[PDB]
6 protein chains.
Amino acid sequence: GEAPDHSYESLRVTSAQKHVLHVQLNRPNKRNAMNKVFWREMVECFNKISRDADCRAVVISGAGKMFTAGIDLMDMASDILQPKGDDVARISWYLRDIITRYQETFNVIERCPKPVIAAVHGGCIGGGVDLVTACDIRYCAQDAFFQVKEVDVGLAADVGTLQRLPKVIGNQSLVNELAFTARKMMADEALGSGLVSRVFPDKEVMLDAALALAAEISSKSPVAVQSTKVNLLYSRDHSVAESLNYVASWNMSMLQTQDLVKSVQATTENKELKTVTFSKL
Amino acid sequence: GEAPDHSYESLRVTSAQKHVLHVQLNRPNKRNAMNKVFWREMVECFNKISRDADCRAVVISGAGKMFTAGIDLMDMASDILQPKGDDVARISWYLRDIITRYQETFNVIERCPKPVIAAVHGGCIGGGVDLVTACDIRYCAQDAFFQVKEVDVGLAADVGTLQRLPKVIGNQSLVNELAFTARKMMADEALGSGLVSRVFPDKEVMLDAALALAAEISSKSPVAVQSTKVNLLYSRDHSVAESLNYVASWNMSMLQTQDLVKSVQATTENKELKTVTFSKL
Amino acid sequence: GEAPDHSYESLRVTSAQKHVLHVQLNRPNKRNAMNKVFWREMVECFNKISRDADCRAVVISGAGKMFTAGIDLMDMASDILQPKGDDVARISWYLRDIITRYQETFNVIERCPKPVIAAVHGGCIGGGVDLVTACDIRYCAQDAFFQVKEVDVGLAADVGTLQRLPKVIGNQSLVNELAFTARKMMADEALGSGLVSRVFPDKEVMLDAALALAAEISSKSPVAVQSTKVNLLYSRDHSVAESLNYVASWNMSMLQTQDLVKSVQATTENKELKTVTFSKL
Amino acid sequence: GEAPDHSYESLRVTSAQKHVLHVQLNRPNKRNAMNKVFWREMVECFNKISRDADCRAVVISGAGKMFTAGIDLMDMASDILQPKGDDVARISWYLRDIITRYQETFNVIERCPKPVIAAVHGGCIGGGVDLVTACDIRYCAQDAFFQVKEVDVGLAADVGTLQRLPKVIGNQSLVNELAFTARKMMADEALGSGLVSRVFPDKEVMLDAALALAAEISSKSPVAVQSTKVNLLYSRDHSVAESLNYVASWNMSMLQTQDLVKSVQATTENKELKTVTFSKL
Amino acid sequence: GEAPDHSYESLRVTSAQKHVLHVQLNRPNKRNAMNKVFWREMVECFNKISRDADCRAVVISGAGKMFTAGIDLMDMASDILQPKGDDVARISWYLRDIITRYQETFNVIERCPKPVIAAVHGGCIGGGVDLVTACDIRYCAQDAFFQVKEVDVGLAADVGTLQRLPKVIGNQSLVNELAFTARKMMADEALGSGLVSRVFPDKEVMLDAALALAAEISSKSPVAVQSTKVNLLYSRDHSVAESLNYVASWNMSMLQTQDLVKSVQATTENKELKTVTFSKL
Amino acid sequence: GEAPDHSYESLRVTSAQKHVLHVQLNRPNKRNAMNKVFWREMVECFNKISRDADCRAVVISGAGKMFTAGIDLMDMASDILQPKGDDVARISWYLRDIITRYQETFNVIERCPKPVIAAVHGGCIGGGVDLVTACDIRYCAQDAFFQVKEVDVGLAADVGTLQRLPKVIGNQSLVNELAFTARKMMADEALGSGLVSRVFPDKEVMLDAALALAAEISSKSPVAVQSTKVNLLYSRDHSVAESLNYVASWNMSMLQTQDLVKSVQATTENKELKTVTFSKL
């Protein structure tokens with residue numbers, strides 16, 4: 001059961017439960033290696049998701065043994081090792097265009113108003129860290145591990161690892177230790193450092209709980225949920241004083257909604273918020 | 001024993017020990033619900049505290065079973081559900097004024113140079129999170145729990161939760177999980193995430209230790225303590241390079257104090273810093 | 001075995017293993033007290049380290065019983081208690097110059113492209129916190145403890161503690177508790193708060209593992225390692241959107257390196273990255 | 001004819017024409033010297049103006065020969081030359097409070113959503129520059145001149161001159177020349193540098209044209225006019241990319257207004273915008 | 001003679017001289033009114049221009065009597081007056097999407113590395129100001145005038161006028177006067193305020209000189225010209241210290257170009273820079 | 001008559017009048033070409049000037065026919081055309097170090113608390129623009145002209161032209177026109193654009209008036225003058241709200257000066273400020 005608007009050869013988007021989309025990497029044979037097709041499809045996929053009014057939560061998982069094997073070196077070797085340009089200056093313009101495009105692949109996850117939940121089972125190596133670091137909520141199984149493979153490949157992480165990983169956990173000493181040595185951080189250590197919110201025995205239990213969390217989010221008011229993410233992202237990049245100003249300007253319109261009337265009515269009564277239906281956003 | 005300058009019908013400010021003010025929410029019957037009277041009194045109270053030279057530490061606790069029950073829906077329903085304005089644009093201006101005024105209620109806690117210690121016993125629901133997130137140091141009892149009820153009510157947190165909660169803990173995955181689902185985070189989970197500094201068996205033990213901590217702060221130099229908070233708050237909203245510049249400009253005057261002479265003299269000797277008296281600030 | 005270019009009376013820089021420099025505080029009799037000589041030598045030392053192409057990692061440890069005893073009050077009393085200037089305005093200019101120079105002592109550690117690893121054994125009091133908070137990776141022994149002694153001395157931390165300590169750990173409640181009360185935070189509590197990455201039984205085991213970590217960093221590509229720190233530091237002071245732009249402009253030149261060809265060649269094969277040699281940076 | 005809500009002994013607020021308030025400094029004998037009474041009344045006056053729905057434009061002029069004679073040295077000598085505080089640190093806190101309060105006197109002019117028009121006749125010395133630099137539109141007569149007298153008094157401008165004057169004109173070379181030498185800049189030179197928008201033969205012609213400009217502003221949509229100032233002020237303090245984001249969030253509510261329907265209807269027809277009436281804001 | 005890749009029904013892009021593109025609004029009958037087709041075509045057109053290696057300069061002019069008549073009210077009335085959404089919150093999301101898309105129309109002009117020259121003849125009303133304010137260099141004829149019609153329509157400028165107009169001229173008093181009153185600013189006044197660089201007797205002379213300026217830009221090194229615009233735009237939105245850091249990171253790659261060798265060789269000799277050919281960028 | 005502490009082979013610093021230093025480029029034969037010796041001497045010179053208590057104003061002029069001929073291509077060709085490094089990544093690090101050092105040459109002019117006055121006679125080509133754009137006040141003769149030669153050389157201005165020139169004049173259209181075409185802007189056009197403050201018939205009259213302006217600045221309070229520049233520079237890089245906070249923290253110490261007592265005493269009386277002597281700063 002597809003979207004069915006979402007048809008991709010490297011992703012499988014299946015609508016699960018209600019108002020919940022399950023975006024699943026669909027390259028088990030290559031361990032979900034991020035080839036050239038993957039980068040463009042993610043931008044196309046999460047642009048449709050943002051325009052989708054029915055969708056209220058997004059769950060990102062992986063097929064096969066592991067979540068992802070990182071960047072596909074074979075395809076991306078040609079772009080870096082054989083660039084286009086007569087001299088260095090022309091090559092730098094060519095490379096900066098490629099880097100910017102690949103950064104857009106993970107920006108759309110952050111710019112998507114719907115919450116994104118990452119279900120990581122098995123290894124999450126290299127560029128896969130950027131995939132989960134852009135997600136709002138991160139879950140992992142017992143066998144999962146996170147590795148910043150970029151230094152081993154020979155380049156600094158330029159797709160989002162060095163820009164979001166220090167901003168999603170507080171143990172900055174660990175962040176430097178991981179980035180500089182490219183060592184594997186197991187699930188138990190990940191939970192202690194706050195990279196993930198919960199740890200589950202295996203993929204099946206993790207996936208069920210991740211979808212259950214998405215269903216709970218979809219039950220809430222879509223306006224309140226979407227506005228919460230926008231202000232949470234804005235507050236990260238700005239000071240407290242500016243963020244307080246921005247949320248005042250943002251909420252002066254979002255407060256005039258029928259969701260507020262119904263949610264308060266349900267809250268004052270004993271009815272659960274799952275019963276009350278909200279309009280499409 | 002009041003201030004006695006602090007006389008309010010929703011707050012009870014009692015001077016405890018020396019140079020320590022115990023601001024206590026005083027609506028046990030309504031579970032310290034934040035009605036219209038509460039918002040204006042907090043601004044009035046913490047403005048006097050800042051002007052108070054004798055006060056050096058502030059402890060915020062609650063009366064009754066729980067710390068607070070969040071925003072009072074009955075009083076605040078009229079402002080949101082029945083706004084003033086001919087059309088949407090006029091309503092937006094009216095709502096933005098209300099939001100800005102309510103944000104000022106918690107800003108004065110942060111702008112107060114004296115350190116603020118939060119003693120949370122029982123539930124801390126909804127807007128009460130903003131009350132403690134603006135405090136410098138957060139304590140809790142074993143039965144305490146923190147809940148961001150705003151999404152359940154039907155609106156994004158626009159009084160300070162989404163602006164300070166991600167900036168007081170590093171586990172950003174938990175922050176998104178709490179905000180989006182509005183679930184209750186118990187005391188044990190709160191300590192692990194760093195929202196609180198200590199957990200105590202009950203309110204009585206927590207309150208005694210909170211006042212003991214405030215007494216220790218009051219023993220230190222008021223200039224050094226007040227300057228520390230100003231630079232700590234400034235460093236949060238600015239880069240390292242700018243903050244280092246600001247503290248150099250800030251300390252070039254605060255270093256010329258008699259406290260430095262006496263504190264060093266006490267430190268060089270065996271006398272405790274509690275013995276040496278400092279001038280009013 | 002000195003650098004031998006690094007000859008100082010308060011520091012001992014010994015080249016250990018390969019591409020690893022072991023900068024060691026060398027005043028055991030005074031417990032590594034930071035006198036006037038220490039401040040200027042650190043600036044001189046880490047300026048040479050940055051220009052040193054062979055060096056790829058830096059380890060900061062201490063001699064004697066403890067890592068450091070903080071600022072030397074006897075020498076620094078004259079500067080603060082007996083300043084130069086006819087009136088307050090002239091004194092403020094004189095004091096601001098002193099504060100700015102002492103801040104430069106710890107800035108060069110952060111500005112040094114080579115990673116810096118701190119090995120803390122015994123006490124780390126007062127200004128020593130700024131020494132380790134500027135380091136990328138912090139290790140400690142079982143007996144180590146970190147104390148912000150500045151408030152006890154009678155002044156706010158103006159050399160980097162209040163500016164970097166909140167930005168290296170997420171438990172902001174603890175940061176305020178430490179700064180305001182100047183209490184000692186033992187090694188076990190430090191590990192829980194994320195100030196340190198690992199805790200070792202004693203100095204000997206901690207030092208061996210710290211040098212082992214530095215050797216692992218030196219094995220990686222110097223271009224990738226140095227670029228990683230620059231982007232990690234930049235991402236801390238800037239938003240995600242700006243940092244993504246900066247790394248794109250930074251990596252468009254650093255991608256055109258022979259390290260990328262060799263590291264990928266080793267990664268595609270079974271050869272360890274320690275075998276492949278990289279050019280001096 | 002007063003407001004009549006605006007009753008002050010140093011200001012005279014007269015309602016002129018319709019939706020236009022004429023705030024007039026009213027100390028001709030002392031040449032509109034800014035005594036202690038003036039500073040507090042301005043904050044009170046422009047807080048009421050912001051809450052005033054009928055007012056749509058504000059014109060600031062002066063009585064007597066000149067617009068203003070700057071700060072009243074006699075009253076303000078006691079605050080600076082005889083401060084309160086045992087030592088320098090206590091005095092610095094006392095002085096910073098005074099400086100911050102006096103800055104609030106001119107901030108409320110900028111924070112007032114209604115446009116403010118400055119009509120300057122005669123001298124505008126010292127702190128009077130901050131009064132006009134906070135205004136949106138500045139007019140002057142032929143005999144008017146602007147002088148930054150702060151350096152002659154012996155202090156740097158700390159009430160807004162050094163913070164807004166470089167941001168209202170582009171000739172930064174002139175700004176440094178004026179600030180450093182405290183020379184008088186006549187009206188003709190002021191027009192060339194862009195400090196004022198127009199120059200008029202005398203006060204009577206300038207005042208009539210200033211009120212005519214305010215009447216034209218009041219004819220426009222109050223929502224559009226008020227929103228324009230908010231975005232213009234925000235765009236000054238922020239980058240283009242952030243400002244474009246903010247105006248999108250601001251206008252998503254202000255676009256849903258009856259003013260847009262009527263203004264477009266008038267624009268499509270031949271009716272002047274002065275005929276169509278708009279609701280109070 | 002088209003691009004010929006640029007085929008649009010509202011724009012006419014003709015390749016003039018060498019490495020110069022002449023983008024021309026092509027709706028003379030409707031006075032170049034910006035209908036729905038115009039907004040999407042501009043994004044498509046300037047995306048191709050950026051990817052175009054041969055193009056080195058861009059000239060924007062208009063067909064018919066006037067440069068542009070602003071926004072087409074008839075087409076854009078449906079979007080604003082008849083939005084999509086059950087209540088205000090849904091409408092606000094719908095409107096914010098529309099505003100953001102229309103802002104992207106003018107962002108691509110700024111994000112285009114090639115310099116953009118605006119040739120304005122006849123009126124430039126309303127949204128046309130955003131078109132020229134995003135251009136690097138602005139020219140105008142004797143009969144040209146610039147008007148911010150947004151307030152007359154009934155909304156604040158949300159497409160770029162209020163965000164770039166204060167940042168392209170220094171006379172902030174005039175900017176407020178223009179925005180608040182929506183008056184027409186003739187060419188002579190525009191030159192005095194610095195909105196335009198030159199004024200020409202008519203469109204024919206202005207167009208010839210604008211293309212001559214573009215030819216001179218195309219003669220220079222494309223790497224140096226493109227890099228200059230990137231740093232000029234970055235310096236506008238950032239402080240001096242950050243911009244100096246960014247240009248150092250930007251130029252460390254762009255300095256390694258064959259253009260530097262040839263341009264210096266030509267400069268050392270008497271050969272004009274027009275003779276030396278540079279590689280495509 | 002030298003400093004005599006300032007002894008350089010590319011600069012001639014002569015003490016003129018009282019508290020005024022006349023820094024003069026001293027390479028007339030090479031038209032004040034900026035060779036490798038020049039860059040390091042400027043950093044050394046303006047570091048001593050900042051530490052110099054007697055100096056209160058600085059005047060920068062040039063010897064020979066013209067102010068300066070820009071960067072010396074012969075010496076700087078080796079650094080750019082023949083860099084050090086095995087591959088591009090090593091070269092980029094080498095080039096970035098060179099660019100950063102050369103930027104420091106002009107930063108010290110801005111960081112010097114004493115005001116700097118530029119006296120430009122004859123041509124001011126290329127890097128000489130950065131020399132004068134870092135100065136507070138710019139004067140020029142009738143024959144002077146300013147040219148941004150960097151694009152003609154083949155590189156973007158990376159020493160300060162693109163970072164400070166847009167921030168010292170408001171005519172941004174002219175800035176893009178100058179940078180992109182590298183044309184010469186004569187003195188009359190420079191005055192109209194606000195790059196210079198005054199235009200004089202020749203060097204002799206310009207130099208006398210520049211020294212007369214410096215003498216007038218030296219007559220004022222050194223604390224007030226130095227503080228004015230610090231806040232003027234800070235206000236440029238920061239918003240109004242932050243700058244108002246910074247000046248409040250800066251002036252809370254600088255207000256407690258004997259200069260304020262004497263300057264007010266002179267101002268209240270008829271004595272000129274030139275008579276009253278102020279202490280060294």
# chains A, B, ... in the order shown; residues from 1 in each chain; ligands from 1
>>> closest_atom_pairs(of="chain D", to="chain B", cutoff="12 Å", atoms="only C-alpha atoms", output="JSON lines")
{"residue": "D:50", "atom": "CA", "partner": "B:97", "partner_atom": "CA", "distance": 10.8}
{"residue": "D:51", "atom": "CA", "partner": "B:97", "partner_atom": "CA", "distance": 9.8}
{"residue": "D:53", "atom": "CA", "partner": "B:90", "partner_atom": "CA", "distance": 10.3}
{"residue": "D:84", "atom": "CA", "partner": "B:281", "partner_atom": "CA", "distance": 10.3}
{"residue": "D:85", "atom": "CA", "partner": "B:281", "partner_atom": "CA", "distance": 8.0}
{"residue": "D:86", "atom": "CA", "partner": "B:279", "partner_atom": "CA", "distance": 7.3}
{"residue": "D:87", "atom": "CA", "partner": "B:257", "partner_atom": "CA", "distance": 5.9}
{"residue": "D:88", "atom": "CA", "partner": "B:256", "partner_atom": "CA", "distance": 5.8}
{"residue": "D:89", "atom": "CA", "partner": "B:254", "partner_atom": "CA", "distance": 4.7}
{"residue": "D:90", "atom": "CA", "partner": "B:281", "partner_atom": "CA", "distance": 5.9}
{"residue": "D:91", "atom": "CA", "partner": "B:281", "partner_atom": "CA", "distance": 9.2}
{"residue": "D:92", "atom": "CA", "partner": "B:253", "partner_atom": "CA", "distance": 6.8}
{"residue": "D:93", "atom": "CA", "partner": "B:281", "partner_atom": "CA", "distance": 7.8}
{"residue": "D:94", "atom": "CA", "partner": "B:281", "partner_atom": "CA", "distance": 8.9}
{"residue": "D:95", "atom": "CA", "partner": "B:253", "partner_atom": "CA", "distance": 11.3}
{"residue": "D:96", "atom": "CA", "partner": "B:250", "partner_atom": "CA", "distance": 10.8}
{"residue": "D:97", "atom": "CA", "partner": "B:51", "partner_atom": "CA", "distance": 9.8}
{"residue": "D:113", "atom": "CA", "partner": "B:93", "partner_atom": "CA", "distance": 10.6}
{"residue": "D:221", "atom": "CA", "partner": "B:89", "partner_atom": "CA", "distance": 11.3}
{"residue": "D:222", "atom": "CA", "partner": "B:90", "partner_atom": "CA", "distance": 9.8}
{"residue": "D:223", "atom": "CA", "partner": "B:89", "partner_atom": "CA", "distance": 7.0}
{"residue": "D:224", "atom": "CA", "partner": "B:89", "partner_atom": "CA", "distance": 9.8}
{"residue": "D:226", "atom": "CA", "partner": "B:93", "partner_atom": "CA", "distance": 10.1}
{"residue": "D:227", "atom": "CA", "partner": "B:93", "partner_atom": "CA", "distance": 10.0}
{"residue": "D:230", "atom": "CA", "partner": "B:93", "partner_atom": "CA", "distance": 11.9}
{"residue": "D:249", "atom": "CA", "partner": "B:92", "partner_atom": "CA", "distance": 11.8}
{"residue": "D:250", "atom": "CA", "partner": "B:92", "partner_atom": "CA", "distance": 9.6}
{"residue": "D:251", "atom": "CA", "partner": "B:89", "partner_atom": "CA", "distance": 9.3}
{"residue": "D:252", "atom": "CA", "partner": "B:89", "partner_atom": "CA", "distance": 9.6}
{"residue": "D:253", "atom": "CA", "partner": "B:89", "partner_atom": "CA", "distance": 6.1}
{"residue": "D:254", "atom": "CA", "partner": "B:89", "partner_atom": "CA", "distance": 4.7}
{"residue": "D:255", "atom": "CA", "partner": "B:89", "partner_atom": "CA", "distance": 7.2}
{"residue": "D:256", "atom": "CA", "partner": "B:88", "partner_atom": "CA", "distance": 5.8}
{"residue": "D:257", "atom": "CA", "partner": "B:89", "partner_atom": "CA", "distance": 5.3}
{"residue": "D:258", "atom": "CA", "partner": "B:87", "partner_atom": "CA", "distance": 6.7}
{"residue": "D:259", "atom": "CA", "partner": "B:89", "partner_atom": "CA", "distance": 9.1}
{"residue": "D:260", "atom": "CA", "partner": "B:89", "partner_atom": "CA", "distance": 10.4}
{"residue": "D:261", "atom": "CA", "partner": "B:87", "partner_atom": "CA", "distance": 11.8}
{"residue": "D:278", "atom": "CA", "partner": "B:86", "partner_atom": "CA", "distance": 10.3}
{"residue": "D:279", "atom": "CA", "partner": "B:86", "partner_atom": "CA", "distance": 7.3}
{"residue": "D:280", "atom": "CA", "partner": "B:90", "partner_atom": "CA", "distance": 8.0}
{"residue": "D:281", "atom": "CA", "partner": "B:90", "partner_atom": "CA", "distance": 5.9}
>>> write_last_selection(atoms="N, CA and C atoms", output="tab-separated table (two decimals), in the first residue's frame")
chain	number	residue	atom	x	y	z
D	50	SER	N	0.53	54.23	22.19
D	50	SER	CA	0.48	52.91	21.58
D	50	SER	C	-0.86	52.23	21.84
D	51	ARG	N	-1.38	52.35	23.06
D	51	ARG	CA	-2.68	51.77	23.37
D	51	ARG	C	-3.82	52.54	22.72
D	53	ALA	N	-6.22	53.61	20.12
D	53	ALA	CA	-6.64	53.06	18.83
D	53	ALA	C	-6.90	54.16	17.81
D	84	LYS	N	25.14	56.66	44.24
D	84	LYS	CA	24.91	55.87	45.44
D	84	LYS	C	25.68	54.56	45.33
D	85	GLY	N	26.41	54.22	46.39
D	85	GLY	CA	27.21	53.01	46.40
D	85	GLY	C	28.44	53.12	47.27
D	86	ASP	N	28.75	52.06	48.02
D	86	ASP	CA	29.90	52.09	48.91
D	86	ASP	C	31.21	52.14	48.12
D	87	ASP	N	31.30	51.36	47.04
D	87	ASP	CA	32.52	51.31	46.24
D	87	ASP	C	32.12	51.37	44.77
D	88	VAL	N	33.09	51.12	43.89
D	88	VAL	CA	32.88	51.29	42.46
D	88	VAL	C	31.85	50.30	41.93
D	89	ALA	N	31.91	49.05	42.41
D	89	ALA	CA	31.00	48.02	41.91
D	89	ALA	C	29.55	48.38	42.20
D	90	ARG	N	29.27	48.85	43.42
D	90	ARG	CA	27.92	49.27	43.76
D	90	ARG	C	27.50	50.48	42.93
D	91	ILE	N	28.42	51.41	42.70
D	91	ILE	CA	28.12	52.59	41.89
D	91	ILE	C	27.80	52.19	40.46
D	92	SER	N	28.55	51.23	39.91
D	92	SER	CA	28.32	50.80	38.54
D	92	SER	C	26.92	50.23	38.36
D	93	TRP	N	26.46	49.42	39.33
D	93	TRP	CA	25.09	48.93	39.28
D	93	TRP	C	24.09	50.08	39.36
D	94	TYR	N	24.37	51.06	40.21
D	94	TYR	CA	23.49	52.22	40.31
D	94	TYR	C	23.45	53.01	39.01
D	95	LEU	N	24.61	53.21	38.38
D	95	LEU	CA	24.66	53.99	37.15
D	95	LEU	C	24.01	53.24	35.99
D	96	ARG	N	24.24	51.93	35.91
D	96	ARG	CA	23.67	51.15	34.81
D	96	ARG	C	22.15	51.17	34.86
D	97	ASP	N	21.58	51.18	36.06
D	97	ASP	CA	20.13	51.29	36.20
D	97	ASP	C	19.64	52.62	35.65
D	113	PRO	N	3.92	51.61	17.58
D	113	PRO	CA	3.59	51.21	16.20
D	113	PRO	C	3.23	52.38	15.31
D	221	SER	N	-4.42	52.72	5.41
D	221	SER	CA	-4.90	51.67	6.28
D	221	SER	C	-4.05	51.60	7.54
D	222	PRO	N	-4.66	51.69	8.73
D	222	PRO	CA	-3.85	51.60	9.96
D	222	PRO	C	-3.11	50.28	10.09
D	223	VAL	N	-3.71	49.18	9.64
D	223	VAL	CA	-3.04	47.88	9.71
D	223	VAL	C	-1.81	47.87	8.81
D	224	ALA	N	-1.96	48.38	7.58
D	224	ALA	CA	-0.84	48.41	6.65
D	224	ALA	C	0.26	49.35	7.13
D	226	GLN	N	0.87	50.42	10.33
D	226	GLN	CA	1.50	49.89	11.53
D	226	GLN	C	2.39	48.69	11.21
D	227	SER	N	1.92	47.80	10.33
D	227	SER	CA	2.73	46.64	9.95
D	227	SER	C	3.99	47.07	9.21
D	230	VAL	N	6.71	48.07	11.73
D	230	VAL	CA	7.23	46.92	12.47
D	230	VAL	C	8.24	46.16	11.62
D	249	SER	N	5.62	35.51	8.26
D	249	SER	CA	4.87	35.12	9.45
D	249	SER	C	4.00	36.27	9.95
D	250	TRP	N	4.44	37.51	9.76
D	250	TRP	CA	3.66	38.65	10.22
D	250	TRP	C	2.46	38.90	9.31
D	251	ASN	N	2.65	38.81	8.00
D	251	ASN	CA	1.59	39.15	7.06
D	251	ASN	C	0.57	38.04	6.85
D	252	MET	N	0.87	36.81	7.28
D	252	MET	CA	-0.09	35.73	7.09
D	252	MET	C	-1.37	35.95	7.87
D	253	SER	N	-1.34	36.82	8.88
D	253	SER	CA	-2.53	37.22	9.61
D	253	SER	C	-3.04	38.59	9.20
D	254	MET	N	-2.13	39.55	8.97
D	254	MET	CA	-2.54	40.90	8.63
D	254	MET	C	-3.15	41.00	7.24
D	255	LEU	N	-2.95	40.00	6.39
D	255	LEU	CA	-3.58	40.01	5.07
D	255	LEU	C	-5.08	39.76	5.16
D	256	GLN	N	-5.54	39.06	6.19
D	256	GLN	CA	-6.96	38.76	6.36
D	256	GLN	C	-7.63	39.92	7.08
D	257	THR	N	-7.78	41.02	6.36
D	257	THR	CA	-8.36	42.24	6.92
D	257	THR	C	-9.38	42.82	5.95
D	258	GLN	N	-10.33	43.57	6.51
D	258	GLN	CA	-11.29	44.29	5.69
D	258	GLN	C	-10.67	45.49	5.00
D	259	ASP	N	-9.53	45.98	5.51
D	259	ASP	CA	-8.86	47.10	4.88
D	259	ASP	C	-8.40	46.75	3.47
D	260	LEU	N	-7.93	45.52	3.28
D	260	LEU	CA	-7.47	45.09	1.96
D	260	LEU	C	-8.61	45.11	0.96
D	261	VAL	N	-9.80	44.67	1.38
D	261	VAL	CA	-10.95	44.66	0.48
D	261	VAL	C	-11.33	46.08	0.08
D	278	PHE	N	-11.55	53.32	7.79
D	278	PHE	CA	-11.02	52.06	8.29
D	278	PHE	C	-11.30	51.95	9.78
D	279	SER	N	-11.38	50.70	10.25
D	279	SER	CA	-11.69	50.44	11.65
D	279	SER	C	-10.51	50.82	12.55
D	280	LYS	N	-10.82	51.03	13.82
D	280	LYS	CA	-9.79	51.37	14.80
D	280	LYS	C	-8.85	50.19	15.02
D	281	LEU	N	-7.57	50.50	15.20
D	281	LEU	CA	-6.57	49.47	15.47
D	281	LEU	C	-5.90	49.69	16.82
>>> select_by_dssp(residues="segment 145-203 of chain A", states="strand (DSSP E)", output="list in words")
residues 145, 146, 147, 184, 185, 186, 198, 199 and 200 of chain A
>>> select_by_dssp(residues="segment 64-166 of chain E", states="helix (DSSP H, G or I)", output="ChimeraX atom specification")
/E:73-81,88-111,128-133,150-153,161-166
>>> residues_around(residues="residue 101 of chain F", least_positions_apart="3", cutoff="12 Å", atoms="only C-alpha atoms", output="list in words")
residues 244, 245 and 248 of chain E; 36, 39, 40, 42, 43, 94, 95, 96, 97, 98, 104, 105, 106, 107, 108, 158 and 159 of chain F
>>> residues_around(residues="residue 262 of chain A", least_positions_apart="5", cutoff="9 Å", atoms="only C-alpha atoms", output="number ranges by chain")
A: 267, 276-278; B: 153-154
